[PDB]
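Chain by chain, the residues run as shown.
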Amino acid sequence: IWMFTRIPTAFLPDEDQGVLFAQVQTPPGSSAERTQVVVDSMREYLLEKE
Amino acid sequence: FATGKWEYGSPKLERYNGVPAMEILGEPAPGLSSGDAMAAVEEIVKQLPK
Amino acid sequence: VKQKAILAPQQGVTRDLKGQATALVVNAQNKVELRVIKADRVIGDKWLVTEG
């Protein structure tokens, strides 16, 4: 009755699964060039650094 | 015969059960469960406009 | 021909809340201040700032 409530509850714990998502949100009103120059920067700065 | 002016709008409108709504998502606290986290939501819901 | 005038970049000027053009500036004490502009005309990728 103590260690039961001491244990927190979860649901479907996370594994590796080999995939990852990156989400980019430029400030509102910006064009696709301003978003693209951030996106290719963030792939080129974590394609060889990782 | 035509002028213009700048207004302030939303680029993504959304509806739930055929009525206008907005959608909020998040995670529970690190170490806390989802039951008490969802219990830590509806006490804020009374602090809304009618 | 306009004399010595201000051409702000389009990345720094934005509209808000049934109102007019605004920009965020850095103060003398490195604080962020909101300023009200009357930017109307577009020169390339700049706003011709008239007052503000």
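- For this deposited structure, the header cites cryo-EM as the method used and 3.2 Å as the resolution.

1. Some words on the overall build of chain C
Then, number 1: Looking only at helices and strands, chain C has zero helices and six strands in total.
Then, number 2: Going residue by residue from the N terminus, the α and β elements of chain C occur as β-β-β-β-β-β.
Then, number 3: Dimensions along the principal axes, computed over C-alpha positions, put chain C at roughly 35 × 30 × 15 Å.
Then, number 4: The buried share of chain C, reckoned over its 52 residues, is 21%.
Then, number 5: The long-range share in chain C, meaning contacts at least 24 apart out of those at least 6 apart in sequence, stands at 34%.
Then, number 6: Carbon and sulfur atoms form 55% of the exposed surface of chain C, whose accessible area is close to 4,200 Å².
Then, number 7: Here chain C holds 9 positive side-chain charges and 5 negative ones, and the gap between their average locations is 3 Å.

2. Digging into unusual backbone geometry
What is expected of a backbone is that most residues other than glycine have negative phi and most peptide bonds are trans.
Then, number 1: One non-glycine residue with positive phi stands out, namely A:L12, at about 55 degrees.
Then, number 2: Along the chain, A:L12 falls in the loop between α1 (3-6) and α2 (32-44).
Then, number 3: Even without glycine at this site, C:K18 takes up a positive phi of about 50 degrees.
Then, number 4: Take C:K18: it is sitting in the loop between β2 (13-15) and β3 (21-26).

3. Section: the sheet that holds strand β1 (residues 6-9) of chain C
Strands pair in a sheet through their backbones, by hydrogen bonds, and they do so in one of two ways: parallel or antiparallel.
Residues and elements named next belong to chain C.
Then, number 1: Read from one edge of the open sheet, three strands run β1-β6-β5, paired in antiparallel fashion. If you trace the sheet from one side to the other, it starts and ends with β1 and β5 (41-43), each paired once. Across this sheet, the average inter-strand angle for adjacent strands is 45 degrees, counted without regard to direction.
Then, number 2: Bridge analysis of β1 against strand β6 (residues 46-49) gives four bridges, and the strand direction is antiparallel. If you follow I6 over to β6, its bridge partner there is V49.

4. Observations concerning the pairing of β6(C)
Residues and elements named next belong to chain C.
Then, number 1: Here β5 pairs with β6 via three bridges, running antiparallel. Residue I43 lies in a different strand from β6, and its bridge partner there is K46.
Then, number 2: Here β5 hands over to β6 after two residues, with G44 in that stretch at a positive phi of 70 degrees.

5. Considering the side chain of C:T22
Residues and elements named next belong to chain C.
Then, number 1: Within the element layout of this structure, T22 appears in strand β3.
Then, number 2: Overall, the relative accessible area of 5% leaves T22 in the buried class.
Then, number 3: When near neighbours in sequence (up to four residues on either side) are disregarded, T22 contacts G12, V13, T14, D16, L34, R35, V36 and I37.

What counts and what doesn't
Residues numbered from 1 in each chain as written, not as in the entry; some residues may be left out. Chains lettered and ligands numbered in written order. Part of a larger assembly, values for the part shown. Heavy atoms only, no water. Helix = DSSP H or I, 4+ residues; strand = E, 2+ residues; numbered from the N terminus. Buried < 20%, exposed > 50% of the residue type's maximum accessible area, 1.4 Å probe, protein only. Contact = heavy atoms within 4.5 Å. Areas by Shrake-Rupley, 256 points an atom, 1.4 Å probe, with all protein chains shown as cover. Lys, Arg positive; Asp, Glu negative; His and termini not counted. Charge placed at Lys NZ, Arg CZ, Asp CG, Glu CD. Pairing = 2+ DSSP bridges. Axes fitted to C-alpha atoms, helices over the stretch in contact; angles between N-to-C directions.

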